[PDB]
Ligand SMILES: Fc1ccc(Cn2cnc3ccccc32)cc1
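Below sits a lone chain in structure tokens, taken as the form deposited without the named molecule.
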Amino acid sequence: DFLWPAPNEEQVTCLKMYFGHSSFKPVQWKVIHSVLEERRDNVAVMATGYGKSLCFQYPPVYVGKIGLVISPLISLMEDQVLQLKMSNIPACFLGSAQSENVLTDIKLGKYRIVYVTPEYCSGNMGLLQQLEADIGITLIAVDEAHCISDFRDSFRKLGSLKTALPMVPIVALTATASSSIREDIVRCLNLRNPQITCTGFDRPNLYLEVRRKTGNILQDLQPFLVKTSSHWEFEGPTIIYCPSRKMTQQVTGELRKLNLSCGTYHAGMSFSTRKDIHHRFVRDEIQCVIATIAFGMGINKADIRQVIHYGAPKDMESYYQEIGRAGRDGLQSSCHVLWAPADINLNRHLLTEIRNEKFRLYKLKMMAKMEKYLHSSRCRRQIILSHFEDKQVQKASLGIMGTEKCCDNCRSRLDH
């Protein structure tokens, strides 16, 4: 880190005025400096809540050119376009349903960040070459780039990017430090001598706990409630993750027996609906969001104190991203799984519905790994971190591990 140059005054000024931060995080700066000043391909792995979006939003804003962001999650791109607009950064989603006037303005440099799907991107390389020649593309970002190894044939089409745009660096974002996924990303995207970075994965302010369902929803959730003389309330802002819309309706119906303010959050909700939930949750006009999806502005909030998984999670990478929505302000939060053996069998049936055998076998292994996490008598955090590091993490390596704030098993081993 000693070798890296510090950001200069213009760069920090830009960071403060358009993104509202006083300093870059260390790995953000490594990626940004590498892409912006060294023009190098990057594969970057960042913890939840670290700040991965800044890595591709900042460079084109600083130089006043175009950053191309490729993602399959259209609703999430819509959400990020709105957040950028609220910060006076012009951005748009570009697709086949977009108006000609937006495309006209993109060709004139009016938009700093252009979001597209891999499908649209693969059939419009001619447009991207015109943008490169007329305006200049600072970088191309591919998050969900693991999909190139949930596999998506749409991502393999991105292999033509480096042919059409040999001068444009690509930033690939992925969830784990797995070398096998990284090798597929480099191969499929044709990256050249990419810079590889990893923040590490620990969220030390997230306490981990697993407990058994008791047979009744209200009995399960009562420990997370406080009863003022006037009314019931959650201890703090809370997300309850459910495995289905049906379970969401069941959980929500029970919470409303106590007149608790909540909202639901599902895939397929409109832009307006997502904006309404974001507004009410951020302003604490609702105390709880019961969710079947783990991304989007509906659950983007700084002070989530409690995450509850109502039912056994199916895989440890989804679990990590779901609990990572908590504690973004750095203050103490708690993450509880409530599970029953019956969950595991329903989990087992949903994986038999996976057609592709290789993907189904991978998912079945991820479930077995999650089942071992739920049953463990050892440190929960050590198990999760080892999966993301793709190697056994030593307990002595982090000060949080083995303390009363680490996890239920660490706490119970100390309290007796």
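All residue numbers are counted from 1 along the displayed sequence.
- Of the other compared PDB entries of this protein that include residues on both sides, all give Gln222 atoms, none of them, and so not a third, leaving it without.
- Missing coordinates between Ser149 and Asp150 amount to 4 to 9 residues of the deposited sequence.
- Look at the C-alpha B-factors of 387 to 395 and of 372 to 380. On average they run higher in 387 to 395.
- Look at the mean CA B-factor for 217 to 225 and for 155 to 163 in the entry; the higher one is 155 to 163.
- Take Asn88, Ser318, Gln195, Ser261 and read off each C-alpha B-factor from the entry; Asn88 has the highest.
- Of the candidates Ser53, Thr352, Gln28, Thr48, the deposited coordinates give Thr352 the top C-alpha B factor.
- Among the modelled residues of the chain, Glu357 sits in the highest third by CA temperature factor in this PDB entry.
- For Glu144, the recorded CA temperature factor ranks within the highest third of the chain's modelled residues.
- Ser244: CA B factor lies in the middle third for its chain, per the PDB record.
- The PDB entry assigns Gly95 a C-alpha temperature factor belonging to the highest third of its chain's modelled residues.
- When the modelled residues of the chain are ordered by their C-alpha B factor, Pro313 lands in the middle third.
Same protein, other form: the form deposited with the named molecule bound, not shown, and the subject of what follows.
- Steric access to the site is blocked in the shown form: after superposition of the site C-alphas, the named molecule as positioned in the bound PDB entry has three or more atoms within 2.4 Å of backbone or C-beta atoms.
- The contact residue chosen from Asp303, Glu132, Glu317, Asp220 relative to the named molecule in the bound PDB entry is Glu317, the criterion being a non-hydrogen atom within 4.5 angstroms.
- Scanning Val69, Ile384, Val35, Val61 against the named molecule in the bound PDB entry with a 4.5 Å heavy atom cut-off leaves one residue, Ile384.
- Only one listed stretch (338 to 346, 254 to 262, 159 to 167, 173 to 181) carries heavy atoms within 4.5 Å of the named molecule in the bound PDB entry, and that stretch is 173 to 181.
- For the chain shown alone, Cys198 is a contact residue for the named molecule in the bound PDB entry, at least one non-hydrogen atom being within 4.5 angstroms.
- Although the partner is absent here, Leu374 is not a contact residue: none of its heavy atoms lies within 4.5 angstroms of the named molecule in the bound PDB entry.
- By the criterion of a heavy atom within 4.5 Å, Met366 is counted among the residues contacting the named molecule in the bound PDB entry.
- Contacts to the named molecule in the bound PDB entry (heavy atom within 4.5 Å) from stretch 38 to 63: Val45 only.
- With a change of no less than 3 Å, the CA-CA distance between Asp105 and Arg274 is larger in the bound PDB entry than in the form shown.
- Relative to this form, the distance between the C-alpha atoms of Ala294 and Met46 is increased by at least 3 angstroms in the bound PDB entry.
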